[PDB]
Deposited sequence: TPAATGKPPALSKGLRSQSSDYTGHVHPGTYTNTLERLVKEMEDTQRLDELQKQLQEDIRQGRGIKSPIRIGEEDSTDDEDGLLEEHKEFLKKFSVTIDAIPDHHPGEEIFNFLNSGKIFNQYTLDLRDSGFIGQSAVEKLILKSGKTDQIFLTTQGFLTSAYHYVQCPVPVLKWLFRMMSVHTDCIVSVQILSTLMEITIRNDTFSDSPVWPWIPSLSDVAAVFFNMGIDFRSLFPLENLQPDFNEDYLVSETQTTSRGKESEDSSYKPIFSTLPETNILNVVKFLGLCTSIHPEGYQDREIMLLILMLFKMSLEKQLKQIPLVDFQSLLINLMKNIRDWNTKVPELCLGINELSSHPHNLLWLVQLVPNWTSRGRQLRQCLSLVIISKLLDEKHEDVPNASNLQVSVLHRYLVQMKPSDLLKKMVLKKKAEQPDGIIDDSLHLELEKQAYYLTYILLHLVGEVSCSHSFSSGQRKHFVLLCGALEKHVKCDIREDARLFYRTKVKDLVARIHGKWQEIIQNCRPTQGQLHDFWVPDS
């Protein structure tokens, strides 16, 4: 299709490298080791291996932890199991147990030791075990974590007191369920204990979550809890205004294909003020980037958008790409077929840009003079975009872009007449 309607996605997870740290045949709460005095611990350390999973699923820990804090390694191993167990029902039950024990302890745990929440090391450990590379987890060299991959691997392995078995992938297909429980638990801890993370930690978490969302085989699975966790995290940050532009640039830098950037613009929630701020600022950054405009410290927005619209003339971009490809191509000769291919590329680019204009234009505060801007804006669309577009029945992409412009015009006209 000349213009696919959804972001192509990319291959983030690799199955053959998924599960290099630990699996379900390696995690036991016996190995943690504690002074066995209460019947709980005595039973646990006298219990077998499958009795462990049986006790977890049927809420035995929840029964036995009504008035006593659960030891931190217990929760850590529960998190590990929820992340790594193949079966869906066992994973859901383990997650339920984790939520229940955490909530109860917190309701009884007034001690300075806050409820356990996986530090960035823990989340990185689980995700890397799932098969996410370190650079994939953190793809912006400017912002990197406080540790390195080797530290994580060695620490997690030694704590888990193995080439013996030919390493099969722990998952031969997208571990949707486990990822969902992990993100749900992350949202829970973020919502219950907001100040448990540092601003830099929050930014790293946003970056890794957004990068993960770009997965190829995750296109068909609705990521609502992703949005919930995003809402919580955005609400958590303390230096908001200062931190916005850095985050915007970070999201901009993740990938090159513009449709993916459009995806991440669409994916962020837009029913909370900070979400709208992020959306509009990210759209501005993207439009600045794509048009080849120099990043010179991007009412004046009205003239800037007018400049853009002038630049988004399909013929203008077509000729620009013609020049660039001719310079690149050793010969510099373009056939009708390759001409039409570049036409498809330019139409795709223009489609994306008009989408970004649609998102940025939306606003809730307006002075009277803003009318004129909108009057100009639509005019530009009519003049700088619509007129240069010539309808061709055999060419549906032209119709798609024309109708898109028509919808933008309709929304802007409605907003204008609302006054």
query	finding
Ranges of the deposited sequence (numbered from 1) for which no C-alpha atom is modelled	1-98, 260-262, 400-403, 525-539
